[PDB]
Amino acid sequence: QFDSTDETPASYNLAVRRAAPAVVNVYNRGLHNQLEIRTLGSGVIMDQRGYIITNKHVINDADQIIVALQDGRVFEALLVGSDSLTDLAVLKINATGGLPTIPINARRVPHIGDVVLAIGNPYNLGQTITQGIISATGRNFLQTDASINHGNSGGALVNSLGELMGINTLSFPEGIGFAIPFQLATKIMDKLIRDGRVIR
């Protein structure tokens, strides 16, 4: 009939290996005295210093914020700042051995129709990769049909090369989810780190 032994399966594994290591699980814990998870989501390690972007609604009223990396390391995180208007928050973790960081191509712009992968921790199932495309822009938000669920907020939306296109945030309905464009997220992050708040 046919022998597919030497053929190559169509795959986005390259984007996964490049980006997924930098996407963390974020847990919002509350203190009767025992510390339990109140809500959860994802976050993206933006640079070597341990700065991480996540959504503000994921960390609101946390008595403790925990960050878990795909490689097994767990950290208690410091809340650097947050911004309600963009629903973004920045965390800081103090790691010793080096941290994986999300690929960022400063010159790339998402285009409608681009294939994208959503990376997050839906329903605490553990890191999950889902695929779709950029459905619309301007919304400003990117819209995508890459399946997003509770637990994906604050995680990454990357293209087939693993470059960050945005930070998943909202899920409207089938296949309607939104991400904050990476240019805006990066700008808000720098302001939160520099000023501790977004001056407008």
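So that the term is clear: the rigid core is the largest set of C-alpha atoms that superpose within 1.5 Å between two forms. When you see a residue number, it is the position in the sequence shown, counting from 1.
Root mean square Cα distance to the shown form, taken over structures and residues in 5 other deposited structures of this protein after a core fit, is higher for 89-97 when 109-117 and 89-97 are compared. The rigid core fit leaves 175-183 as the farther-lying stretch in 5 other deposited structures of this protein, judged by Cα positions and set against 175-183 and 16-24.
Modelled in this chain, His150 is likewise resolved in all the other entries of the protein that span it on both sides, not missing from even a third of them. Coverage remark for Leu125: absent from the model in at least one third of the other entries compared whose chains are built on both sides.
Coordinates are lacking for 4 to 9 deposited residues between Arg139 and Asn140. The PDB entry records a higher mean C-alpha B factor for 44-52 than for its counterpart among 151-159 and 44-52. A summary of the deposited B-factors shows that, of 126-134 and 99-107, the stretch with the larger mean C-alpha value is 99-107. Sorting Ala118, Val115, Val90, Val74 by the CA temperature factor given in the entry leaves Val74 at the top.
Sort the modelled residues of the chain by CA B factor and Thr144 lands in the lowest third. For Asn168, the recorded CA temperature factor ranks within the lowest third of the chain's modelled residues.
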